[PDB]
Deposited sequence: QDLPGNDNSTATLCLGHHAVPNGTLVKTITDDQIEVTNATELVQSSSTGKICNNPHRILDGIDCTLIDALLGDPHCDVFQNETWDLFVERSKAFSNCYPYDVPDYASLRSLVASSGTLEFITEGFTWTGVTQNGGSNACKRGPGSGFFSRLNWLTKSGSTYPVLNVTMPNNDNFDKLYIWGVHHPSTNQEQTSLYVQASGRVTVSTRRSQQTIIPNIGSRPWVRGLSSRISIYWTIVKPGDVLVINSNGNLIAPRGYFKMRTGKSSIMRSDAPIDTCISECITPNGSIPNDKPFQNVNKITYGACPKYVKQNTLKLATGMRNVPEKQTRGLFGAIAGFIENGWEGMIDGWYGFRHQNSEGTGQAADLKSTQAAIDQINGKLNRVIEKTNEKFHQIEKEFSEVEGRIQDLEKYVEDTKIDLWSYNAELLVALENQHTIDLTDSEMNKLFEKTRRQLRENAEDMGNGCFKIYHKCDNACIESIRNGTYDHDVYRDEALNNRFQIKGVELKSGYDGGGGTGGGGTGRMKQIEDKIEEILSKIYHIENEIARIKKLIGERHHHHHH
């Protein structure tokens, strides 16, 4: 008699469509989504130290807004700026505001050391009713509003050496009165001047005595400037008037700190990736949640979905083999044998080829993508004002990055799916070729992916063929007799 041993691969009834280099949409047994398209809606407070700016802007906490005194000496890995954040202090503008916000966020600390600045001949601790600290007028806690003492405002000329071994951030301000009457009343000089300089840098501000929109009852402003005094350098403040002096310096730092605009609530949970939408799992290589990211985050891509073939071609369902169709009834392994001999039909999965395919597919993605791009401080990617050239450059850089990484994701997923499908096909063909080699002249490929063994092949001989210990010479005579006679 003649037995019919042959090979096949597992098939699933519910396949999943993936995109390859050669096929637009090919069904495979298994696939995994490589894009994190959803977020939990909350920012995890671990492992990063998240500082929620409930009603406070980062610059508001920096200056010492009366409603931002809880953020004094605060440190963060990510400062979260809520859209409800508002200023309740003296109206102010920060020329080059974005740079100050960026560098204070990167510093990651509001640690403020008060310094013994000596202001002779002027009244310190000038307050306002726009800045109401308690039941009375106040001002920014980190800024000293100096005004004329008596009937004269001398030329303040103070020095502060940076004898420490770290950069000192001095946040000072220039008062812009609404009228010349206010300018003279606060500062006997009809036109003030504030030159804050270091041995290498310099910033001169001429106060602007002009009316402007009422903000919290004031048509005067404070223009906020910052001076970074590196170690060994010295800060000289020379003011003829309109000086909102610094009460000290902020300890600048370098690290993984940044700032995020987000309304996502902070939740007791752990996630190394934070987006304005909330924290997302970084298990997947790519995301479609937000281009704004903090921590170990997946690369942002424009694709909502990128399915990676983690299985083989799905060819759902006479024991014809892989060339005809896949085997739905085989669950022990990926590739296996079905045999029909005198002892009845049987099946047995091939563990060697199954494990080869599984091992090859296991780390396919993780070996072409670095562990995870861990980004902490970045450029601004959403803007509320129309700034122009610099904002356009930031938007263009981010769009270029997004387009290039989205193309990388598309090409990589197509390449990896093509390689997975070709690899599973090659494993099936390799097992078929091994079986053919074992069955040198004792079998014949029926053409449906199925061999026809021309000798009585009991289950023991089937097992011998399956495990590679099949000796063709034993049955060569009988097989040849049944084949060519």
Practice problem: Map the modelled residues onto the deposited sequence and report the uncovered stretches in sequence order. | Solution: 1-8, 326-333, 502-562
